[PDB]
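Numbering (the deposited numbering), first residue to last: 2 to 125.
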(Lines of atoms letter the chains of each structure in order from A; the text may use other names.)
(Lines give C-alpha, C1' and ligand atoms only; values in the text may rest on other atoms or scores of the structure.)
Protein backbone atom coordinates (compact mmCIF):
# COMPACT_ATOMS: atom_id res chain seq x y z
CA UNK A 2 0.00 0.00 0.00
CA UNK A 3 0.87 3.68 0.01
CA UNK A 4 -0.75 6.78 1.48
CA UNK A 5 -4.52 6.80 1.24
CA UNK A 6 -4.53 9.96 -0.90
CA UNK A 7 -1.92 8.73 -3.38
CA UNK A 8 -3.52 5.30 -3.59
CA UNK A 9 -6.86 6.95 -4.39
CA UNK A 10 -5.09 9.22 -6.88
CA UNK A 11 -3.45 6.30 -8.66
CA UNK A 12 -6.74 4.41 -8.77
CA UNK A 13 -8.84 7.39 -9.89
CA UNK A 14 -6.29 8.01 -12.61
CA UNK A 15 -6.69 4.45 -13.94
CA UNK A 16 -10.51 4.68 -13.80
CA UNK A 17 -10.29 7.98 -15.73
CA UNK A 18 -8.15 6.08 -18.25
CA UNK A 19 -11.12 3.70 -18.68
CA UNK A 20 -9.71 0.66 -16.85
CA UNK A 21 -12.38 0.77 -14.13
CA UNK A 22 -13.65 -2.73 -14.86
CA UNK A 23 -10.10 -4.04 -14.63
CA UNK A 24 -8.84 -5.46 -11.36
CA UNK A 25 -6.07 -3.54 -9.66
CA UNK A 26 -2.56 -4.88 -9.16
CA UNK A 27 -0.22 -3.47 -6.52
CA UNK A 28 3.48 -4.08 -6.13
CA UNK A 29 6.00 -1.92 -4.30
CA UNK A 30 9.72 -1.85 -3.64
CA UNK A 31 11.26 -1.45 -0.21
CA UNK A 32 14.22 0.94 -0.28
CA UNK A 33 16.65 1.69 2.54
CA UNK A 34 16.85 5.33 3.57
CA UNK A 35 20.51 6.31 3.22
CA UNK A 36 19.64 10.01 3.13
CA UNK A 37 18.28 10.64 6.65
CA UNK A 38 18.60 8.71 9.92
CA UNK A 39 16.04 7.20 12.26
CA UNK A 40 15.05 9.92 14.74
CA UNK A 41 11.49 8.99 15.65
CA UNK A 42 10.18 11.62 13.25
CA UNK A 43 6.58 12.05 12.14
CA UNK A 44 5.49 13.61 8.86
CA UNK A 45 5.24 16.97 10.67
CA UNK A 46 8.84 16.66 11.79
CA UNK A 47 10.56 15.52 8.60
CA UNK A 48 9.60 11.87 8.03
CA UNK A 49 9.11 11.09 4.36
CA UNK A 50 5.71 9.88 3.20
CA UNK A 51 7.37 6.64 2.05
CA UNK A 52 8.83 6.17 5.55
CA UNK A 53 5.38 6.42 7.08
CA UNK A 54 3.96 3.98 4.52
CA UNK A 55 6.76 1.51 5.35
CA UNK A 56 6.27 1.77 9.13
CA UNK A 57 2.47 1.57 8.97
CA UNK A 58 2.64 -1.35 6.51
CA UNK A 59 4.77 -3.35 8.95
CA UNK A 60 2.45 -2.31 11.77
CA UNK A 61 -0.54 -3.65 9.86
CA UNK A 62 1.20 -6.98 9.20
CA UNK A 63 1.77 -7.53 12.92
CA UNK A 64 -1.72 -6.61 14.08
CA UNK A 65 -2.58 -9.15 16.80
CA UNK A 66 0.71 -10.93 16.11
CA UNK A 67 2.20 -12.29 19.32
CA UNK A 68 5.62 -10.89 20.14
CA UNK A 69 7.72 -13.14 22.36
CA UNK A 70 10.07 -11.83 25.02
CA UNK A 71 12.93 -12.51 22.61
CA UNK A 72 11.30 -10.30 19.99
CA UNK A 73 10.52 -7.62 22.55
CA UNK A 74 14.11 -7.88 23.76
CA UNK A 75 15.51 -7.16 20.29
CA UNK A 76 13.23 -4.15 19.82
CA UNK A 77 14.37 -2.97 23.24
CA UNK A 78 18.00 -2.97 22.10
CA UNK A 79 17.09 -0.78 19.15
CA UNK A 80 15.09 1.40 21.55
CA UNK A 81 18.21 1.73 23.70
CA UNK A 82 20.58 2.10 20.75
CA UNK A 83 18.45 4.95 19.39
CA UNK A 84 17.55 6.24 22.84
CA UNK A 85 13.93 6.38 21.72
CA UNK A 86 10.87 4.17 22.15
CA UNK A 87 9.11 3.73 18.83
CA UNK A 88 6.52 1.19 19.98
CA UNK A 89 3.28 0.86 21.93
CA UNK A 90 3.44 -2.70 23.21
CA UNK A 91 0.63 -4.28 25.21
CA UNK A 92 1.51 -7.05 27.68
CA UNK A 93 -0.45 -10.14 26.65
CA UNK A 94 1.77 -12.78 28.20
CA UNK A 95 4.31 -13.38 30.96
CA UNK A 96 6.90 -12.62 28.33
CA UNK A 97 4.75 -11.85 25.31
CA UNK A 98 3.44 -8.56 23.94
CA UNK A 99 1.40 -7.20 21.05
CA UNK A 100 2.21 -4.11 19.02
CA UNK A 101 -0.81 -1.79 18.93
CA UNK A 102 0.70 1.38 17.43
CA UNK A 103 3.90 3.27 16.62
CA UNK A 104 5.33 6.42 18.18
CA UNK A 105 6.69 7.83 14.92
CA UNK A 106 6.42 7.54 11.15
CA UNK A 107 9.81 5.85 10.88
CA UNK A 108 10.96 2.28 11.39
CA UNK A 109 14.42 0.81 10.90
CA UNK A 110 14.77 -2.11 8.53
CA UNK A 111 16.31 -4.14 11.36
CA UNK A 112 13.21 -3.68 13.52
CA UNK A 113 10.87 -4.46 10.63
CA UNK A 114 12.76 -7.73 10.17
CA UNK A 115 12.15 -8.77 13.78
CA UNK A 116 8.47 -7.84 13.62
CA UNK A 117 7.75 -9.41 10.22
CA UNK A 118 9.43 -12.64 11.34
CA UNK A 119 7.14 -12.79 14.37
CA UNK A 120 4.26 -12.42 11.91
CA UNK A 121 5.60 -15.30 9.82
CA UNK A 122 6.17 -17.33 12.98
CA UNK A 123 2.57 -16.95 14.11
CA UNK A 124 1.47 -17.66 10.55
CA UNK A 125 3.27 -21.01 10.41
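Just so you know, even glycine gets a beta-carbon here, dropped at the ideal spot from N, CA and C.
Item                                                                                                                                    : Value
Buried or exposed: residue 82, going by 16 or more other Cβ atoms within 10 Å of its Cβ?                                                : exposed
So if DSSP puts residue 92 in a beta bridge, which residue, or which two residues, is it bridged to?                                    : 98
Assign residue 65 to one of two classes, buried (16 or more other C-beta atoms within 10 Å of its C-beta) or exposed (fewer than that). : exposed
Thinking C-alpha only, which one of 117, 110, 106, 118 is nearest residue 42?                                                           : 106
How about the stretch 93-101 and the stretch 54-70: do they share at least three Cβ pairs that are nearer than 8 Å?                     : yes
What residues are listed by DSSP as bridge partners for residue 67?                                                                     : 99
Using a 10 Å radius around the Cβ and a threshold of 16 neighbouring Cβ atoms, would you call residue 26 buried or exposed?             : exposed
Which residue's Cα is closest to the Cα of residue 120: 20, 63, 50?                                                                     : 63
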